[PDB]
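Just the one chain here, the form deposited in one PDB entry, laid out as structure tokens.
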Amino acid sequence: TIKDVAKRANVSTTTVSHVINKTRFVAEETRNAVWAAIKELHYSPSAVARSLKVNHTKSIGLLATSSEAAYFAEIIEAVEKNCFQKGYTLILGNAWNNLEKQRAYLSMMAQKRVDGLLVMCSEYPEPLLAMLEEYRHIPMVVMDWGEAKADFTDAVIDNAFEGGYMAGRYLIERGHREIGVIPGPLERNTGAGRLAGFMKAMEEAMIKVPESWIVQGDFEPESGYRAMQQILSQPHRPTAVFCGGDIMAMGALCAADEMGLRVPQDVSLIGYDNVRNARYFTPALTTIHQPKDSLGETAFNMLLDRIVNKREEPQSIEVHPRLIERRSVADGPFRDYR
């Protein structure tokens, strides 16, 4: 069809091309005509054709886990913003922590020849670890590890441990010593990592956590509900609870409110993430905030660099968590004796 343009315009296609991409001088008269031709013709230049030659699709691929979850959703929205802002196009792909689906997506992505890859697969078993290496060639950044797990990629690191520690302390310095914890999957960073940041704080203060007091979540509200309830269901119950993430948290508030417990009056809750609506949680949630947006843009940019500046050596940027004080935590028994 570029041919149809050149022809209506009575010029070559090389010409037609150059005008469309402002790539070498062209007479006005000339320029005009092509524009008109492109116009009456209702012309849209194919990018697949163009891509075939130039050797880049100008589109990036997000090999995500799931996309509804507030946490995820929020990052993604970020990343898209950035792609759009720099001409990139986004391919959102969710493997749902499934290898098979992951190999698949990875393969379609390669075939569609994505300029780069953004990886958020939550859990990284050896198998997934290996597959990814099989594509070192396509440039990529893993956005969700605690520390760099491989040399063939870029990594953006969150400091989940120092976030976990932050959560513990606050609890501590506010009067508590009988604390519970609902962590997320241990097979994750935001799971294991947040937990241990928290646990160090406890060891530091000679506070021990009764195992009947730590209940595994999966980052979903329901798991929050079930844990909160299994915790407050006990003879002896804590005065404060540290919840792995905001959504599961919001599920801990429900349960407590269902056994007519009071937050923060009967139980204080500290969450983790600082999702867009935690302030409108009830009560408004106190939690550790993860810079999700800088998490996103910071990832793009590392990619873009590898893409453009053709970098070869892996990089790793750290991002920082921070405390957001709301109204779901209350002083505890030991406040004044400090």
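Numbers follow the displayed sequence, beginning with 1. By rigid core we mean the largest C-alpha set that fits within 1.5 Å across both forms.
- Modelling of residue 191 is missing from a third or more of the other compared entries in which both of its neighbours are modelled.
- Checked against the record, the higher mean CA B factor of 33-41 and 298-306 lies with 33-41.
- In this entry, the higher average B-factor at the C-alpha atoms falls on 147-155, of the pair 147-155 and 119-127.
- Highest CA B-factor among 265, 107, 190, 89, as stated in the entry: 107.
- Of the candidates 21, 328, 315, 12, it is 315 whose Cα B-factor is highest according to the PDB record.
- For residue 103, the recorded CA B-factor ranks within the middle third of the chain. Only modelled residues enter the ranking.
- Among all modelled residues in this chain, the alpha-carbon of residue 292 has a temperature factor (C-alpha) in the middle third.
- Residue 81: CA B factor lies in the middle third for its chain, per the PDB record.
- In the PDB entry, residue 282 places in the middle third of its chain by CA B-factor.
- In this PDB entry, the Cα temperature factor of residue 71 sits in the bottom third of its chain's modelled residues, the lowest group.
What follows is about the form deposited in another entry, which we do not show.
- Just a single entry of 203, 173, 134, 258 exceeds or equals a 2 Å CA shift between the shown form and the other one, which is 134 (rigid core superposed).
- With the core held fixed between the shown form and the other one, residue 93 has its Cα displaced by at least 2 Å.
- A displacement of less than 2 angstroms separates the C-alpha positions of residue 214 between the shown form and the other one, with the rigid core held in common.
- Positional change of residue 64 between the shown form and the other one reaches 2 Å or more at the C-alpha, relative to the superposed core.
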